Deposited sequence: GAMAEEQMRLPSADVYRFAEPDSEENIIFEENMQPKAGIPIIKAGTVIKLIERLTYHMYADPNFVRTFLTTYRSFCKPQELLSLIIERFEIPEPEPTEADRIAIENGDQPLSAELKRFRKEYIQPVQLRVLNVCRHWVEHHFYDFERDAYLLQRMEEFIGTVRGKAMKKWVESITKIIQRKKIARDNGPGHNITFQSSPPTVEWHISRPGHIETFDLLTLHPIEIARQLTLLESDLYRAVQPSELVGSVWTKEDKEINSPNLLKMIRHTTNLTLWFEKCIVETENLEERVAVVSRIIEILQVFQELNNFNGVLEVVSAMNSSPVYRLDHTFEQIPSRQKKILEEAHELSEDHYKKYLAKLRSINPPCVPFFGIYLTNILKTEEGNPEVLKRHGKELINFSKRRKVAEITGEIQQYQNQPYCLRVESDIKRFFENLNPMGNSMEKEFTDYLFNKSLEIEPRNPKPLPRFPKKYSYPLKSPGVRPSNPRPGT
């Protein structure tokens, strides 16, 4: 019948793998273009290059997420296999015409070329273009993968294929070339340390406004460099994390380094009055982070203030001004009830901002851990694509804030200072944080023991210059 007529117009399974009929054993849809819930990799590749219609949502989501279920080398082999569509044999009447040296009618052959082969081949090249355009890092990390792509693209022949080959070749060239303000920004603020005097640069010697600005610029650049694929499949926690998630790992290491540096600054200031000044100055840095909508920065300070060594320092926070304590308390409350107030704040403000990154890693980990890699139907494993789409939706939220530059002048020496923070030294984190906690017990012992006094370490004025910028 008509079903067998349609299916037999496609190539048979012995000469081509991407034309088997749809069924429950190889593909599932979600409850318009159908939304793919699960399927075998061969069915996902078929639908990624589907003859009947374009599917940009699926193409975008696939090329973001595919590394969780398919290697780059393997993907290129599959789409090249997909591309190589065999043509049907001539009809009996046309076989006779070819036998006599005459031109065959080739009515069905021409229809198959028109309505199946050319569309699929164009879809394969659309995937190739999207691949090199938005995920060129695959080809940077694997030179052999690029050699295969350029050999494939370079041997494509046809009238309708010429324009696609040239645009793909043009994009590949631009990505190699790249590989090798709006308004007036405010005046760079200084306090004790002079411009160029990098030896004197420290928490209390630099201006707190300028610390916040330069950290916001640093954290903005780190935020914007993270690609969606660096988060997919929890690859930042696997053994190839350094190659797969370099920008994410850099952001995490900065957060760890800054947060522990704040803790180190506080608890290695053994004098009570000086430690109050240190804590007060870090709160001022938080207030300027808040002014700049650097929520990453705000919650880095909250993390440092809530840590085991700092949070217990009752005598230090006793002397902190009530207004600063209120600001600290409101910063904390951003995280309560699964970050409800933070998300409300994030939605309400105007750009530019730097979102809190940690929340994306939490929700991705829960999505990765909470959903199965495969769905089973009749003893066959199908790749759980809905899982990948949900992860891709979270990385989509990251990307909407990744084009918000700050109107703030970079200061190279202050940037270097914060880029090169190494509070742990040779120690590992766990042992260093144990050291931090043991320091807290020394400077402020538990209730049975009294509070000893400690000498001053700072030889310069401790009074803050404040958080309001120079506008007299």
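Since the structure holds only modelled residues, which stretches of the deposited sequence does it leave out? Those parts of the chain that were deposited but carry no coordinates are 32 to 37, 187 to 194, 487 to 490.
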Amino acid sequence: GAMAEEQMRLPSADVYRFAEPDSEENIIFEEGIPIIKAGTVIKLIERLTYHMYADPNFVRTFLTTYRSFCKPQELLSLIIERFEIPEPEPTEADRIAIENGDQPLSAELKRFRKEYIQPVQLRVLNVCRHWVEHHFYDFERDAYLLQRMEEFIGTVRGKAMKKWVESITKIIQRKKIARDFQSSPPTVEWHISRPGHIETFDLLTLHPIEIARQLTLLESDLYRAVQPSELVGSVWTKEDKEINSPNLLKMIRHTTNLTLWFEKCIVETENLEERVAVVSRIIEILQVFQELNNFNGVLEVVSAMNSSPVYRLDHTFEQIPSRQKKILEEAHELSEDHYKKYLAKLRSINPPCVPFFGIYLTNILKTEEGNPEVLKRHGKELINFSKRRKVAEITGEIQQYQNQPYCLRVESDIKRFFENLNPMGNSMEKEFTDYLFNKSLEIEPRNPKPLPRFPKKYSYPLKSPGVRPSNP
From here on, numbers count along this sequence of modelled residues.
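We call the rigid core the largest set of C-alpha positions that still match within 1.5 Å between the two forms.
Superpose by the rigid core: which stretch, 260 to 268 or 181 to 189, shows more Cα shift in 7 other deposited structures of this protein? Greater root mean square C-alpha distance in 7 other deposited structures of this protein: 181 to 189.
Quick one: core-superposed, which stretch strays further from the shown model in 7 other deposited structures of this protein, 348 to 356 or 291 to 299? Go by RMS C-alpha distance. Between the two stretches, 348 to 356 moves farther in 7 other deposited structures of this protein.
Give yes or no for this: do at least a third of the other compared entries, each modelling residues before and after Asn306, lack coordinates for it? That residue is present in all of the other compared entries.
Would you please confirm whether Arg95 lacks atomic coordinates in a third or more of the other entries that were compared? Yes.
Per the entry, higher mean C-alpha B factor between 304 to 312 and 221 to 229: Per the deposited B-factors, the answer is 221 to 229.
Could you settle it for me: does 421 to 429 or 38 to 46 have the higher average Cα B factor in the PDB entry? That would be 421 to 429.
Out of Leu436, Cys70, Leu63, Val410, which one has a C-alpha B factor higher than all the others in the entry? Answer for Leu436, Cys70, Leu63, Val410: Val410, with the highest C-alpha B-factor.
Name the residue from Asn363, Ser348, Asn271, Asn384 with the greatest C-alpha temperature factor listed in the entry. In this record, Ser348 carries the highest C-alpha B-factor of the candidates.
Third of the chain, ranked by Cα B-factor, where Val267 sits: For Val267, whose C-alpha B-factor we compare with every modelled residue in the chain, the answer is the middle third.
Please say which third, lowest, middle or highest, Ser322 falls into when its CA temperature factor is compared across its chain. Ranked within chain, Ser322 CA B lands in the middle tercile.
Considering every modelled residue of the chain and its Cα B-factor in the PDB entry, is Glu373 in the lowest, middle or highest third? Within its chain, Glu373 is a middle-third residue by C-alpha B-factor, going by the deposited values.
What third of its chain, lowest, middle or highest, does the C-alpha temperature factor of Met52 fall into? Its C-alpha B-factor belongs to the highest third of this chain's values.
Going by what the PDB entry lists, where does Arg194 fall on CA B-factor within its chain: lowest, middle or highest third? Highest third, going by the recorded CA B-factors of the chain.
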